[PDB]
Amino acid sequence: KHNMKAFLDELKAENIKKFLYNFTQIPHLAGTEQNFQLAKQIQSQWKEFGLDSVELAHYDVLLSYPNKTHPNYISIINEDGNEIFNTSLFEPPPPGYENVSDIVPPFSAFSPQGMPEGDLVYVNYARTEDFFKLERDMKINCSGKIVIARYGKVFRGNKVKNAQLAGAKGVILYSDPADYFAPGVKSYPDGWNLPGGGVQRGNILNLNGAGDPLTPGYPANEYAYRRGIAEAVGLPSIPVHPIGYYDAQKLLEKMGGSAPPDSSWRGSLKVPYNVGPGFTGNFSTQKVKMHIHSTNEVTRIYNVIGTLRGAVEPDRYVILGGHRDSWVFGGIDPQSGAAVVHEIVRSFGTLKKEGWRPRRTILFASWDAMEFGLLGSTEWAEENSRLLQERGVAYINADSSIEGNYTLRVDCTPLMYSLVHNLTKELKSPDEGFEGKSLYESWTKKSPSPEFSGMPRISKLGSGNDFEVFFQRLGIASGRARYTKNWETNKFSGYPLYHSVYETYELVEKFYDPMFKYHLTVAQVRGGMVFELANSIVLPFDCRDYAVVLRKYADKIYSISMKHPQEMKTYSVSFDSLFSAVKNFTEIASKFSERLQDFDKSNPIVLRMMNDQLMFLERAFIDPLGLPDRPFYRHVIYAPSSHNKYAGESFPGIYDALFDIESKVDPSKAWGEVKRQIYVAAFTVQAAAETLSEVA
């Protein structure tokens, strides 16, 4: 038979390993020839694998690169202006790659050029609360200072935004061993830890969903009319550069001024972690100088778009997408995910060659320029927004398949919770000690849901990955899954060698997944989800699961507001309308579910009506006016946190209206805006509910 089991059984660990090796021998930086070559290779292979059509979709977008003949670096300069200490110009290449060309040196993409020199202030992780603590509690002024922040906890773009608004004239990011060196594990190449010379690359934009900085709203095609740089979206105004902890140590060791306010401010280096500003007495006349000469330039990028036409509903699209561009070799990020996508295409293509086709169309995407701001997926979705919004069933992302070897991690819309539960109950656990048990069982045991015994944790979607346009802009149900670490063991924001030259094929093959069994489990979950979404007669979404979480989020936002009981009385702030809408959603969804079970199974119009109702339910949470000052975040239930693009926030409009409200100078105005956001959320919830009522 051609069923899900045939699909799953065709997937092979050994194929994923071969593809990963193939994709990670040279760098594939967005906009470079090497990445265009790989694009053409994957196009060719997807065609040979059997897809009906495979095309490149190219765009001309703003990227950023260091100047090869004018290196970025930071100095300590003495009062004479002699540079007495200089940070590294490159990471020491790993064994056997010391002759690889075109390894981009560490840099912060989209930094402006400049050579600011000043006194250092240490700002911990540069989170909103870290700046609050500096200004409000410690009375330290960052205006005109160079800020040094440790990576971790939040997206680095938010750090840079926060430093700018504090008045910093430059930012230095570094990786502290506290956050990127797991105790008892060796540095690469002998373990999976970050060495003192390792550095995390990465962009520092604040795009808020816009895509290419020059063309917000519209694809960066041949004839596009670009904004000038001064009106581009999301560019930082101060120079920024990342360094490793050997170099960080040499910048921090001299710091004077105030002590760190508490231990949550101290990392693991042998330094006091003084906040500054500036250096202790003997060194007080020395300063820090950055030298940044990177350039922004419009550069062509290439997405690969594969189509497997549906047999019955070709005008319904289930999309499996993940990026192909990497900072250097991309051993984990993204090629561990791209190798999984490749094998999924291969497997679906095998069935197709034997005469099968999915019920609905499957689109496969190899996105470009993700590392420079989700540019490739966003431009493509801008180009294709009307097809995607009227035909898009679901989007399954496929970045890094592994970031650990402990258990599964899934973030998705509530509409996919039941699908994920049911699919994982069918799959075999790859975990030691769970031989012959289901993935559901191992996952639930290692990662229990905080709410419900006997179920696993599934998180909301955040951002910083290629689902952002499809979910928070366009309202297409989205999900993602990968293998991850035990967050109780270390609690780091990622894996140590993230975005470093040390992220290699050997990293994965030797330390993360020698038998490629976690990769295979991830291919089964991602591929399985796509299979069911594209082949189930009734779409596999359970609207009742949205009702349950909407109540949890309404409770949560209410509890936040209820910290201000006097203001709620003064300004008559009521959540009654939101709870009412949620109650109605619960009731209507329950009735819809009965019809879906009970409808006449011979009637394809009733079926498609109810599949359209299922498909357009995520779509109903979109507000076409967007959230305040973030027009490309239109989903009213979920947006990326305004303080950390990686994290999702629920009822974001209300949350941001309530955030730090006790500090606003005009409370009447501030609480007015809370009430406005309550109204918008209540209305959108009720409106979404009504899409599930009988249609006439």
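Just count from 1 along the sequence shown to find any residue number.
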item: Third-or-more of other entries without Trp487; value: yes
item: Of 186-194 and 282-290, the stretch whose C-alpha atoms average the higher B-factor in the entry; value: 282-290
item: Mean temperature factor over C-alpha atoms, higher-scoring stretch between 74-82 and 563-571; value: 74-82
item: Deposited CA B-factor, highest of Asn158, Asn397, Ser263, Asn303; value: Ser263
item: Residue with maximal Cα B-factor (values as given in the PDB entry) among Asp466, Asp545, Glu98, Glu618; value: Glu98
item: Third of the chain's Cα B-factor distribution that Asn3 belongs to, per the entry; value: highest
item: Assigned third (lowest, middle, highest) for the C-alpha B factor of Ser663; value: highest
item: Modelled-residue ranking by C-alpha temperature factor, third containing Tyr317; value: lowest
item: Relative C-alpha B-factor of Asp212, binned into the chain's lowest, middle or highest third; value: lowest
item: CA B-factor ranking of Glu343, expressed as a third of its chain; value: middle
